[PDB]
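Notes to accompany the following structure.
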Amino acid sequence: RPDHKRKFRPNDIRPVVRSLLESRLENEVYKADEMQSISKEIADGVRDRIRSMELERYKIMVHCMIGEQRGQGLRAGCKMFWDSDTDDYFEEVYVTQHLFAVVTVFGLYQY
Amino acid sequence: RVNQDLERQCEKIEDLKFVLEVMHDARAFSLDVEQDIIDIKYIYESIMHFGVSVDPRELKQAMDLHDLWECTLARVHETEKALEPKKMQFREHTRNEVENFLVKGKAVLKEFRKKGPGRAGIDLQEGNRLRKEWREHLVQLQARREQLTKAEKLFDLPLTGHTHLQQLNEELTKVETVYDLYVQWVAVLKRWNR
Amino acid sequence: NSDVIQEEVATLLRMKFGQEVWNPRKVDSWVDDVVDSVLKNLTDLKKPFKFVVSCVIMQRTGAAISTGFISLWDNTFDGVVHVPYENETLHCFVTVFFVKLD
Amino acid sequence: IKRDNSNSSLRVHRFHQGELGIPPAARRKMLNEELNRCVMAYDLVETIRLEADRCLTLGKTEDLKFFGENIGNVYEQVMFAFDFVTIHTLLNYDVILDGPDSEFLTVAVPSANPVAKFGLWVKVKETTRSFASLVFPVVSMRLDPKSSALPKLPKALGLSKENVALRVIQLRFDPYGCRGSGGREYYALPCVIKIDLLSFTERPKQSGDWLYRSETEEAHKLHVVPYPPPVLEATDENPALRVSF
Amino acid sequence: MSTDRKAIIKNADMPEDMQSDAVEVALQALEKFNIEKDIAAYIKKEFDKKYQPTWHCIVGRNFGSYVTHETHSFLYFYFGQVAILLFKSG
Amino acid sequence: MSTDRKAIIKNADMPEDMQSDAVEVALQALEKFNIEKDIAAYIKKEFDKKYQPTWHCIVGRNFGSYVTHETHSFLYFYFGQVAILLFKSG
Amino acid sequence: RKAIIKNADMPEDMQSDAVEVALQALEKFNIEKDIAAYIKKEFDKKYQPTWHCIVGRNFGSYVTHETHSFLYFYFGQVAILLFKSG
Amino acid sequence: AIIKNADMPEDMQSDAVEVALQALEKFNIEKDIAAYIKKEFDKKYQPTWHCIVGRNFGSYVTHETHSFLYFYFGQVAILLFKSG
């Protein structure tokens, strides 16, 4: 049972995620091909970054989805099955004038 | 002091406005007032629990302060019931006067548009003098609207516009500002021709 | 199989999104409906394992979209399924994971 | 785990699986414990009736009705003991098989001068069949169809079903008769018998050292099968049966 | 001024810098004072200043969460230990 | 107005008649629902129906809220332990 | 050494933090008064008020669950209870 | 019937007489007496009461105004308080 210093807890990587996303939206507008390319870059870069972080016996899957901005109201559904004694998951929603993006990241432990 | 204010008379319209506005503010901040009363009784009960000997008359005053504030608030509407026929006469007088002044101001704007110095038959210097006279008249109208604004605040009218209305009011303010800028440009032209 | 999961989830997405037209008051309801129904399906499949389902909705009046994914790991156990679709008013993309509880 | 956050003193860390398709013997022993404490509660019931009769001779009506409600509650907890044991007998059903095996689970309590009997039959394999009237070894109670010409019991039981069960309950007392003792032409005798049919959910999934079922709360709620249903009663085949005991 | 808060926030239909300024105004009011009612008064001046009248704000850690928004003019966010809501209506 | 439903009602910028109407809309919403969010929602529904958009209402126990409201668009009151605020903006 | 723990609705990381807190409080402090007041002080001042905690060697209780704040455990011959209330 | 610690008026103590009487008469294990006191006092004097029962203990105050009581009966003692 990894602890505060060892359990996957969302407080560590989310500030990095938001900082990276805000830095990369500085000079881009929605365009589905490059948005897909950015999706691949986000997925593989985040996965390899966490794999190089090595939180103890944790494996992380990422969801990325970038859509052309339309300013709609949305509230998400969340339920699942877990041995989340040490496993964790979290979400994030942001809106830009050129796109909106929704991120859903889960995290499990080698039990 | 409030007990004495209710025990006296305040019939004069300025003193009448003063005591009603004070009453309204007290109602607005009686959150803070009763908060102070509760805190005072709270700390005094702490002292009593610790058993320090304090004046029993101080205790009677402390308990009766909130009770007499409630009796004071009852006396406020008791007094307002009697005053009501008097002050009301002033009230709708001010709504009607302010609304009529606004309508007459729109009519004066139409009259200024019809009778402005832009019509033919006027010399350039005479036209500029007439424009200056119209600007002075508009400044006097602004002063009159400030006096009626003091009336509106004294007679409970919503001064500001509302959402779209207030941004229209701000557009009118910007029109006045750019008129002042045009006056400054006229001064610059006066420097140029000199 | 991954294609079997894809076709079953696509069938349920057809049954859930056959004619629905956008209203957030109902869009959140459809998000909840998809989560409920696909997790119900995966619970019908439940072995001492782990199931993961996501639902995403977007509207179209001239927009575009494109998706893709790659994973890097010791590739023995875990799996992933991607199902795209579009209908009357909305694109529907649902990604399904199965995780083998070690 | 032991995580020593001192200066440098060492740590203890070790996990292991636990147990296989666990040997449940402690849980049969637990069921036996339930039975014995039911017996002891019964014994308390007789004792309290003795002292209640003492009060009846004297006239302490307050204590009389007191014991009334108390032992009524006692019988209520006895009923919870029965269905509680029923649920866990359902739970202990699966991992024990070294292969296809028998379908008996009956207990009589106590061994000497019995007061209650528990018995149950459950179908086990997909590789199973259907046969004649149910044979209960220890219960000494016989269920037969109306006529001996009938090879099996009436079809309303659902013999073709795989996930079905049936149970027998005997009691050497009459608990609820104390309430309606007024207004009667007749009086009862201390003997209560109970018969019912049951069903369950899943033939589970065996692979390796592990074995999976449905896990949620619905998997932890009883599936009562009252008999006979009106739909099967509408069938021309009468569900009446022979009872010997 | 501390600007050290890490948000746990997910609700958005509004401009982006106005999201950031809603965050910054709400947090800066708490920074500057240990006085809550004055903090709220500062909130209303500061944000009806930064993003026009009129905004209405409710601050606390016990209250329900639903309001009516001017279109693309509402932020719902959490910070520190307080749930905070900031919507434009008028 | 049952004894279990007694409340203190002293804060208002309203006409008295719809203040009286507030009693029965609260009664109807507390009869129809017991979740405070649901009671407030039904009060919001009926009240904004009868008195047009847009109203905002709140209930909580860690209160901070200071609003720029137009004239006769304010109401504040307790249901014993339950604190309720209501105004017009939108 | 390790505490016997039978209750939970509260995160594991600050379970470990509470275990180390009990370790320190037992190490330096040796009266139910000082240990209890101490643990209350640190646990409030680092996890925000208001924890209310009952420490002792023989008592019994249940009241109601407190939303994601739920613990009841044993160590040695003493027992400890911890929760939100206000 | 031992009472020396209180942050209360005195009428609720008059009620507390009988609630302690029934708490002692009905139940003995503290796990359920605590919940029983919770139900009775919450239905009579609103949420949220919280109760602790023990028979050799030392407890120091942590609460807010008029929300404390602390009493002994023989060896056993019972504690009650508002907090939320």
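Ordering of the structure tokens sets the chain letters (A, B, ...); residue numbers start at 1 within each chain; ligands are numbered from 1 in the order shown.
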(request) Excluding residue 46 in chain A and residues on its chain fewer than 5 positions from it, collect all residues at most 9 Å away from it, counting only C-alpha atoms, and give them as a VMD selection string. (result) chain A and resid 17 41 51 60 62
Can I have chain E aligned to chain F? Use a least-squares fit on all Cα atoms paired in order and write it out as an mmCIF file with N, CA and C atoms, in the first residue's frame.
data_model
loop_
_atom_site.group_PDB
_atom_site.id
_atom_site.type_symbol
_atom_site.label_atom_id
_atom_site.label_comp_id
_atom_site.auth_asym_id
_atom_site.auth_seq_id
_atom_site.Cartn_x
_atom_site.Cartn_y
_atom_site.Cartn_z
ATOM 1 N N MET E 1 -47.086 19.993 2.563
ATOM 2 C CA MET E 1 -47.814 21.098 3.174
ATOM 3 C C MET E 1 -47.731 20.968 4.683
ATOM 4 N N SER E 2 -47.049 21.898 5.313
ATOM 5 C CA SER E 2 -47.168 21.996 6.761
ATOM 6 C C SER E 2 -47.533 23.397 7.225
ATOM 7 N N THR E 3 -46.929 24.433 6.632
ATOM 8 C CA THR E 3 -47.208 25.843 6.940
ATOM 9 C C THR E 3 -47.188 26.131 8.440
ATOM 10 N N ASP E 4 -46.251 25.518 9.161
ATOM 11 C CA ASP E 4 -46.121 25.713 10.599
ATOM 12 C C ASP E 4 -44.879 26.502 10.993
ATOM 13 N N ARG E 5 -44.093 26.959 10.023
ATOM 14 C CA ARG E 5 -42.836 27.635 10.314
ATOM 15 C C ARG E 5 -43.078 29.003 10.937
ATOM 16 N N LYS E 6 -42.316 29.310 11.982
ATOM 17 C CA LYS E 6 -42.320 30.627 12.599
ATOM 18 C C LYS E 6 -41.026 31.332 12.210
ATOM 19 N N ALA E 7 -41.151 32.419 11.460
ATOM 20 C CA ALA E 7 -39.995 33.083 10.884
ATOM 21 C C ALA E 7 -39.218 33.866 11.928
ATOM 22 N N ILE E 8 -37.906 33.891 11.763
ATOM 23 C CA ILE E 8 -37.048 34.887 12.391
ATOM 24 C C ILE E 8 -36.399 35.624 11.227
ATOM 25 N N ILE E 9 -37.057 36.674 10.742
ATOM 26 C CA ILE E 9 -36.691 37.294 9.473
ATOM 27 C C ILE E 9 -36.728 38.809 9.630
ATOM 28 N N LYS E 10 -35.684 39.486 9.140
ATOM 29 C CA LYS E 10 -35.703 40.950 9.086
ATOM 30 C C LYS E 10 -34.798 41.423 7.945
ATOM 31 N N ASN E 11 -35.393 41.565 6.759
ATOM 32 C CA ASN E 11 -34.816 42.293 5.632
ATOM 33 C C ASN E 11 -35.884 42.469 4.564
ATOM 34 N N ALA E 12 -36.151 43.706 4.147
ATOM 35 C CA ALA E 12 -37.275 43.915 3.244
ATOM 36 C C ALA E 12 -37.194 45.206 2.438
ATOM 37 N N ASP E 13 -37.137 45.064 1.114
ATOM 38 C CA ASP E 13 -37.475 46.134 0.173
ATOM 39 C C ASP E 13 -38.039 45.424 -1.058
ATOM 40 N N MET E 14 -39.370 45.255 -1.073
ATOM 41 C CA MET E 14 -40.130 44.515 -2.078
ATOM 42 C C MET E 14 -41.618 44.530 -1.733
ATOM 43 N N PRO E 15 -42.497 44.154 -2.665
ATOM 44 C CA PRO E 15 -43.911 43.966 -2.320
ATOM 45 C C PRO E 15 -44.127 42.910 -1.244
ATOM 46 N N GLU E 16 -45.349 42.911 -0.708
ATOM 47 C CA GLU E 16 -45.649 42.231 0.551
ATOM 48 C C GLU E 16 -46.118 40.807 0.301
ATOM 49 N N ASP E 17 -47.119 40.657 -0.567
ATOM 50 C CA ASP E 17 -47.562 39.333 -0.968
ATOM 51 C C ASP E 17 -46.435 38.587 -1.667
ATOM 52 N N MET E 18 -45.499 39.302 -2.295
ATOM 53 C CA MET E 18 -44.365 38.613 -2.894
ATOM 54 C C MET E 18 -43.384 38.154 -1.818
ATOM 55 N N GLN E 19 -43.308 38.878 -0.693
ATOM 56 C CA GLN E 19 -42.613 38.353 0.483
ATOM 57 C C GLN E 19 -43.264 37.069 0.971
ATOM 58 N N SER E 20 -44.588 37.103 1.138
ATOM 59 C CA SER E 20 -45.305 35.938 1.641
ATOM 60 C C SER E 20 -45.139 34.750 0.706
ATOM 61 N N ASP E 21 -45.188 34.992 -0.604
ATOM 62 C CA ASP E 21 -45.039 33.911 -1.570
ATOM 63 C C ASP E 21 -43.603 33.417 -1.661
ATOM 64 N N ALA E 22 -42.611 34.289 -1.470
ATOM 65 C CA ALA E 22 -41.233 33.819 -1.362
ATOM 66 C C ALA E 22 -41.090 32.858 -0.191
ATOM 67 N N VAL E 23 -41.628 33.260 0.965
ATOM 68 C CA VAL E 23 -41.674 32.394 2.140
ATOM 69 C C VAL E 23 -42.352 31.071 1.812
ATOM 70 N N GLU E 24 -43.525 31.143 1.186
ATOM 71 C CA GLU E 24 -44.337 29.950 0.989
ATOM 72 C C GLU E 24 -43.719 29.015 -0.039
ATOM 73 N N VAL E 25 -43.162 29.558 -1.123
ATOM 74 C CA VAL E 25 -42.498 28.729 -2.125
ATOM 75 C C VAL E 25 -41.289 28.037 -1.519
ATOM 76 N N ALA E 26 -40.451 28.805 -0.810
ATOM 77 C CA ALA E 26 -39.246 28.233 -0.222
ATOM 78 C C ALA E 26 -39.590 27.138 0.776
ATOM 79 N N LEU E 27 -40.600 27.367 1.612
ATOM 80 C CA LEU E 27 -40.950 26.371 2.615
ATOM 81 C C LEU E 27 -41.694 25.190 2.004
ATOM 82 N N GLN E 28 -42.509 25.441 0.982
ATOM 83 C CA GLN E 28 -43.280 24.377 0.360
ATOM 84 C C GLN E 28 -42.377 23.413 -0.386
ATOM 85 N N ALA E 29 -41.320 23.930 -1.016
ATOM 86 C CA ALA E 29 -40.370 23.044 -1.676
ATOM 87 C C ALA E 29 -39.766 22.064 -0.682
ATOM 88 N N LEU E 30 -39.376 22.554 0.495
ATOM 89 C CA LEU E 30 -38.871 21.665 1.534
ATOM 90 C C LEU E 30 -39.946 20.699 2.006
ATOM 91 N N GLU E 31 -41.184 21.184 2.152
ATOM 92 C CA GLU E 31 -42.283 20.322 2.572
ATOM 93 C C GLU E 31 -42.422 19.122 1.649
ATOM 94 N N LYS E 32 -42.481 19.384 0.345
ATOM 95 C CA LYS E 32 -42.926 18.370 -0.602
ATOM 96 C C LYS E 32 -41.909 17.250 -0.768
ATOM 97 N N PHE E 33 -40.624 17.548 -0.629
ATOM 98 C CA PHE E 33 -39.598 16.561 -0.909
ATOM 99 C C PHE E 33 -38.643 16.413 0.260
ATOM 100 N N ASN E 34 -38.067 15.221 0.357
ATOM 101 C CA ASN E 34 -36.853 14.996 1.118
ATOM 102 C C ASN E 34 -35.628 15.001 0.214
ATOM 103 N N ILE E 35 -35.723 15.655 -0.944
ATOM 104 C CA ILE E 35 -34.715 15.574 -1.998
ATOM 105 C C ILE E 35 -34.296 16.996 -2.350
ATOM 106 N N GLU E 36 -33.081 17.374 -1.946
ATOM 107 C CA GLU E 36 -32.707 18.785 -1.900
ATOM 108 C C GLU E 36 -32.503 19.382 -3.288
ATOM 109 N N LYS E 37 -31.789 18.683 -4.171
ATOM 110 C CA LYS E 37 -31.547 19.238 -5.498
ATOM 111 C C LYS E 37 -32.851 19.386 -6.269
ATOM 112 N N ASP E 38 -33.732 18.396 -6.152
ATOM 113 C CA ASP E 38 -35.061 18.533 -6.727
ATOM 114 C C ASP E 38 -35.863 19.612 -6.017
ATOM 115 N N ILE E 39 -35.646 19.797 -4.712
ATOM 116 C CA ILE E 39 -36.300 20.892 -4.004
ATOM 117 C C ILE E 39 -35.905 22.227 -4.618
ATOM 118 N N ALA E 40 -34.621 22.392 -4.940
ATOM 119 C CA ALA E 40 -34.158 23.636 -5.550
ATOM 120 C C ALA E 40 -34.699 23.798 -6.964
ATOM 121 N N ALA E 41 -34.741 22.708 -7.725
ATOM 122 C CA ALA E 41 -35.340 22.777 -9.052
ATOM 123 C C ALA E 41 -36.800 23.216 -8.958
ATOM 124 N N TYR E 42 -37.548 22.615 -8.027
ATOM 125 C CA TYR E 42 -38.905 23.067 -7.742
ATOM 126 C C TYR E 42 -38.944 24.528 -7.352
ATOM 127 N N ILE E 43 -37.974 24.969 -6.558
ATOM 128 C CA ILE E 43 -37.931 26.367 -6.149
ATOM 129 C C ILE E 43 -37.875 27.257 -7.378
ATOM 130 N N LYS E 44 -37.016 26.904 -8.336
ATOM 131 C CA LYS E 44 -36.816 27.814 -9.456
ATOM 132 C C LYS E 44 -38.037 27.818 -10.368
ATOM 133 N N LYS E 45 -38.597 26.635 -10.688
ATOM 134 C CA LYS E 45 -39.867 26.667 -11.422
ATOM 135 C C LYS E 45 -40.926 27.448 -10.668
ATOM 136 N N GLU E 46 -41.120 27.136 -9.392
ATOM 137 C CA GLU E 46 -42.255 27.661 -8.658
ATOM 138 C C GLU E 46 -42.174 29.172 -8.496
ATOM 139 N N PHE E 47 -40.980 29.712 -8.258
ATOM 140 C CA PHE E 47 -40.931 31.149 -8.036
ATOM 141 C C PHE E 47 -40.653 31.959 -9.291
ATOM 142 N N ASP E 48 -39.973 31.408 -10.302
ATOM 143 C CA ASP E 48 -39.993 32.088 -11.589
ATOM 144 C C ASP E 48 -41.355 31.965 -12.254
ATOM 145 N N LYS E 49 -42.225 31.107 -11.718
ATOM 146 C CA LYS E 49 -43.619 31.044 -12.131
ATOM 147 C C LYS E 49 -44.465 32.064 -11.377
ATOM 148 N N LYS E 50 -44.300 32.132 -10.057
ATOM 149 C CA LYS E 50 -45.165 32.986 -9.255
ATOM 150 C C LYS E 50 -44.789 34.454 -9.379
ATOM 151 N N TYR E 51 -43.520 34.758 -9.638
ATOM 152 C CA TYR E 51 -43.108 36.154 -9.706
ATOM 153 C C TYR E 51 -42.098 36.391 -10.817
ATOM 154 N N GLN E 52 -42.307 35.727 -11.964
ATOM 155 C CA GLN E 52 -41.710 36.041 -13.262
ATOM 156 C C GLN E 52 -40.220 35.718 -13.325
ATOM 157 N N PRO E 53 -39.714 35.259 -14.467
ATOM 158 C CA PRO E 53 -38.263 35.168 -14.626
ATOM 159 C C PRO E 53 -37.637 36.557 -14.641
ATOM 160 N N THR E 54 -36.463 36.663 -14.026
ATOM 161 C CA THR E 54 -35.800 35.502 -13.464
ATOM 162 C C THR E 54 -35.413 35.733 -12.010
ATOM 163 N N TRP E 55 -35.659 34.727 -11.179
ATOM 164 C CA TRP E 55 -35.192 34.693 -9.803
ATOM 165 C C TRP E 55 -34.070 33.673 -9.668
ATOM 166 N N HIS E 56 -33.141 33.953 -8.757
ATOM 167 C CA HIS E 56 -32.019 33.067 -8.480
ATOM 168 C C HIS E 56 -31.962 32.817 -6.982
ATOM 169 N N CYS E 57 -31.852 31.548 -6.590
ATOM 170 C CA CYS E 57 -31.965 31.158 -5.192
ATOM 171 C C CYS E 57 -30.782 30.300 -4.767
ATOM 172 N N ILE E 58 -30.329 30.514 -3.535
ATOM 173 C CA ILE E 58 -29.257 29.737 -2.927
ATOM 174 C C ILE E 58 -29.742 29.255 -1.569
ATOM 175 N N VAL E 59 -29.607 27.955 -1.314
ATOM 176 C CA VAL E 59 -30.162 27.316 -0.127
ATOM 177 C C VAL E 59 -29.038 26.620 0.624
ATOM 178 N N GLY E 60 -29.010 26.796 1.937
ATOM 179 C CA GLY E 60 -28.034 26.092 2.743
ATOM 180 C C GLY E 60 -27.973 26.686 4.128
ATOM 181 N N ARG E 61 -27.074 26.132 4.931
ATOM 182 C CA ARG E 61 -26.829 26.649 6.266
ATOM 183 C C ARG E 61 -25.381 27.067 6.464
ATOM 184 N N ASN E 62 -24.631 27.250 5.380
ATOM 185 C CA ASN E 62 -23.289 27.825 5.456
ATOM 186 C C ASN E 62 -23.021 28.507 4.119
ATOM 187 N N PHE E 63 -23.022 29.841 4.132
ATOM 188 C CA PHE E 63 -22.747 30.698 2.985
ATOM 189 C C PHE E 63 -22.799 32.153 3.432
ATOM 190 N N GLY E 64 -22.099 33.017 2.689
ATOM 191 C CA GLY E 64 -22.176 34.442 2.934
ATOM 192 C C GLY E 64 -23.471 35.038 2.412
ATOM 193 N N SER E 65 -23.759 36.272 2.829
ATOM 194 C CA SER E 65 -25.053 36.895 2.541
ATOM 195 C C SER E 65 -24.885 38.321 2.017
ATOM 196 N N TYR E 66 -24.751 38.453 0.696
ATOM 197 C CA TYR E 66 -24.911 39.732 0.009
ATOM 198 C C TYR E 66 -25.067 39.479 -1.483
ATOM 199 N N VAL E 67 -26.094 40.082 -2.084
ATOM 200 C CA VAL E 67 -26.349 39.982 -3.517
ATOM 201 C C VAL E 67 -26.806 41.340 -4.034
ATOM 202 N N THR E 68 -26.999 41.409 -5.347
ATOM 203 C CA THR E 68 -27.519 42.600 -6.002
ATOM 204 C C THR E 68 -28.953 42.342 -6.441
ATOM 205 N N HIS E 69 -29.839 43.277 -6.123
ATOM 206 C CA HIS E 69 -31.272 43.110 -6.297
ATOM 207 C C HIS E 69 -31.791 43.980 -7.432
ATOM 208 N N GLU E 70 -32.766 43.456 -8.167
ATOM 209 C CA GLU E 70 -33.695 44.339 -8.849
ATOM 210 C C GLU E 70 -34.422 45.150 -7.788
ATOM 211 N N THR E 71 -34.647 46.430 -8.077
ATOM 212 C CA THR E 71 -35.216 47.327 -7.080
ATOM 213 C C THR E 71 -36.578 46.822 -6.618
ATOM 214 N N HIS E 72 -36.751 46.753 -5.296
ATOM 215 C CA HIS E 72 -37.959 46.217 -4.661
ATOM 216 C C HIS E 72 -38.223 44.768 -5.068
ATOM 217 N N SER E 73 -37.158 43.985 -5.229
ATOM 218 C CA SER E 73 -37.304 42.600 -5.669
ATOM 219 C C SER E 73 -36.326 41.673 -4.951
ATOM 220 N N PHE E 74 -36.200 41.806 -3.631
ATOM 221 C CA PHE E 74 -35.336 40.882 -2.905
ATOM 222 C C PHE E 74 -35.885 40.620 -1.511
ATOM 223 N N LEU E 75 -35.834 39.354 -1.098
ATOM 224 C CA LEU E 75 -36.166 38.949 0.262
ATOM 225 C C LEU E 75 -35.001 38.179 0.858
ATOM 226 N N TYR E 76 -34.657 38.505 2.099
ATOM 227 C CA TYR E 76 -33.669 37.761 2.868
ATOM 228 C C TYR E 76 -34.346 37.282 4.142
ATOM 229 N N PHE E 77 -34.344 35.968 4.357
ATOM 230 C CA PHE E 77 -35.189 35.381 5.386
ATOM 231 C C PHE E 77 -34.560 34.094 5.909
ATOM 232 N N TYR E 78 -34.954 33.721 7.123
ATOM 233 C CA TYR E 78 -34.486 32.503 7.768
ATOM 234 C C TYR E 78 -35.677 31.660 8.185
ATOM 235 N N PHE E 79 -35.540 30.346 8.038
ATOM 236 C CA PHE E 79 -36.630 29.433 8.331
ATOM 237 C C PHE E 79 -36.079 28.076 8.725
ATOM 238 N N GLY E 80 -36.854 27.367 9.545
ATOM 239 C CA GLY E 80 -36.520 26.017 9.942
ATOM 240 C C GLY E 80 -35.152 25.970 10.575
ATOM 241 N N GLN E 81 -34.193 25.425 9.835
ATOM 242 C CA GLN E 81 -32.802 25.466 10.259
ATOM 243 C C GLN E 81 -31.900 25.903 9.114
ATOM 244 N N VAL E 82 -32.459 26.538 8.091
ATOM 245 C CA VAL E 82 -31.737 26.858 6.870
ATOM 246 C C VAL E 82 -31.832 28.353 6.635
ATOM 247 N N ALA E 83 -30.702 28.975 6.323
ATOM 248 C CA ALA E 83 -30.718 30.337 5.819
ATOM 249 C C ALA E 83 -31.045 30.315 4.333
ATOM 250 N N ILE E 84 -32.001 31.148 3.931
ATOM 251 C CA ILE E 84 -32.541 31.127 2.578
ATOM 252 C C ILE E 84 -32.526 32.543 2.017
ATOM 253 N N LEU E 85 -32.135 32.678 0.753
ATOM 254 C CA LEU E 85 -32.097 33.976 0.093
ATOM 255 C C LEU E 85 -32.781 33.884 -1.263
ATOM 256 N N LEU E 86 -33.593 34.893 -1.583
ATOM 257 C CA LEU E 86 -34.368 34.907 -2.823
ATOM 258 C C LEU E 86 -34.453 36.338 -3.337
ATOM 259 N N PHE E 87 -33.722 36.618 -4.416
ATOM 260 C CA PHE E 87 -33.667 37.937 -5.026
ATOM 261 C C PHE E 87 -33.999 37.802 -6.503
ATOM 262 N N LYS E 88 -34.601 38.840 -7.068
ATOM 263 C CA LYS E 88 -34.833 38.891 -8.503
ATOM 264 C C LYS E 88 -33.731 39.713 -9.151
ATOM 265 N N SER E 89 -33.107 39.145 -10.182
ATOM 266 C CA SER E 89 -32.072 39.827 -10.963
ATOM 267 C C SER E 89 -32.269 39.394 -12.414
ATOM 268 N N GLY E 90 -33.047 40.176 -13.155
ATOM 269 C CA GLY E 90 -33.352 39.853 -14.535
ATOM 270 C C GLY E 90 -34.675 39.131 -14.694
#
Give the strand (DSSP E or B) residues of chain H, as DSSP finds them on the backbone, and put them as a compact mmCIF listing (two decimals) with N, CA and C atoms, in the first residue's frame.
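That gives us part-v4.txt:
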# COMPACT_ATOMS: atom_id res chain seq x y z
N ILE H 2 -23.71 11.39 38.89
CA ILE H 2 -22.65 12.36 39.15
C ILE H 2 -22.61 13.37 38.01
N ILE H 3 -22.73 14.65 38.35
CA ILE H 3 -22.64 15.75 37.40
C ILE H 3 -21.70 16.82 37.94
N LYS H 4 -20.46 16.84 37.43
CA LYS H 4 -19.67 18.06 37.53
C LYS H 4 -18.88 18.24 36.23
N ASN H 5 -19.58 18.69 35.18
CA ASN H 5 -19.03 19.44 34.06
C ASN H 5 -20.20 19.81 33.15
N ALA H 6 -20.35 21.07 32.76
CA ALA H 6 -21.53 21.44 31.98
C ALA H 6 -21.29 22.75 31.23
N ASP H 7 -21.87 22.83 30.00
CA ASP H 7 -21.99 24.07 29.23
C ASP H 7 -23.39 24.04 28.60
N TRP H 49 -26.06 16.38 17.86
CA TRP H 49 -25.49 15.72 19.02
C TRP H 49 -24.55 14.57 18.64
N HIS H 50 -23.60 14.31 19.54
CA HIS H 50 -22.66 13.20 19.45
C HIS H 50 -22.35 12.76 20.87
N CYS H 51 -22.33 11.45 21.08
CA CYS H 51 -22.29 10.89 22.43
C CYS H 51 -21.14 9.90 22.57
N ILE H 52 -20.49 9.91 23.73
CA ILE H 52 -19.41 8.99 24.07
C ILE H 52 -19.66 8.46 25.48
N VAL H 53 -19.54 7.15 25.66
CA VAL H 53 -19.77 6.50 26.95
C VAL H 53 -18.52 5.72 27.34
N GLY H 54 -18.09 5.89 28.59
CA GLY H 54 -16.96 5.15 29.11
C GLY H 54 -17.06 5.07 30.62
N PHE H 68 -21.97 21.50 25.69
CA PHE H 68 -21.17 20.53 26.41
C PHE H 68 -21.90 20.01 27.64
N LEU H 69 -21.73 18.71 27.90
CA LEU H 69 -22.20 18.05 29.11
C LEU H 69 -21.31 16.84 29.37
N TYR H 70 -21.10 16.53 30.65
CA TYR H 70 -20.14 15.50 31.04
C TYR H 70 -20.52 15.01 32.43
N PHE H 71 -20.94 13.75 32.52
CA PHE H 71 -21.47 13.25 33.78
C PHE H 71 -21.11 11.79 33.95
N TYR H 72 -21.14 11.36 35.21
CA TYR H 72 -20.81 10.00 35.60
C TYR H 72 -22.02 9.37 36.26
N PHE H 73 -22.15 8.06 36.09
CA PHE H 73 -23.09 7.26 36.86
C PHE H 73 -22.33 6.07 37.43
N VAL H 76 -19.44 4.37 35.45
CA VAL H 76 -19.54 4.70 34.04
C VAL H 76 -19.92 6.16 33.86
N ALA H 77 -19.45 6.75 32.77
CA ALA H 77 -19.66 8.16 32.46
C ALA H 77 -20.15 8.30 31.02
N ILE H 78 -20.87 9.39 30.75
CA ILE H 78 -21.43 9.67 29.44
C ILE H 78 -21.16 11.13 29.07
N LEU H 79 -20.77 11.36 27.81
CA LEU H 79 -20.44 12.68 27.28
C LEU H 79 -21.28 12.97 26.04
N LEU H 80 -21.72 14.23 25.88
CA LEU H 80 -22.61 14.63 24.79
C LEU H 80 -22.29 16.05 24.32
N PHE H 81 -22.40 16.30 23.01
CA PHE H 81 -22.10 17.63 22.49
C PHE H 81 -22.67 17.84 21.09
N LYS H 82 -23.19 19.05 20.85
CA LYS H 82 -23.23 19.64 19.51
C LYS H 82 -21.85 19.72 18.89
(message) Please find the residues of chain D near chain C - the criterion being any atom within 10 Å, counting only C-alpha atoms - and write them as a VMD selection string.
(response) chain D and resid 204 to 205 210 to 216
(message) To one decimal place in Å, what is the distance between CA of residue 94 in chain B and CA of residue 112 in chain B?
(response)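 One can read the CA of residue 94 in chain B to CA of residue 112 in chain B distance as 25.9 Å.
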(request) Work out how far apart CA of residue 5 in chain G and CA of residue 81 in chain G are and give it in Å to one decimal. (result) 10.7 Å
Per-residue nearest contacts range 2-110 of chain A to range 78-98 of chain C, cut-off 10 Å, using only C-alpha atoms, as CSV:
residue,atom,partner,partner_atom,distance
A:61,CA,C:97,CA,9.3
A:63,CA,C:95,CA,8.5
A:65,CA,C:93,CA,9.4
Could I get the residues of chain A with an atom no further than 12 Å from an atom of chain D, each paired with its nearest atom pair and that distance in Å to one decimal, using only C-alpha atoms, sorted by chain and residue number, as a Markdown table?
| residue | atom | partner | partner_atom | distance |
| --- | --- | --- | --- | --- |
| A:1 | CA | D:1 | CA | 7.8 |
| A:2 | CA | D:1 | CA | 9.9 |
| A:3 | CA | D:3 | CA | 9.7 |
| A:6 | CA | D:3 | CA | 11.9 |
| A:81 | CA | D:216 | CA | 11.0 |
| A:111 | CA | D:15 | CA | 9.8 |
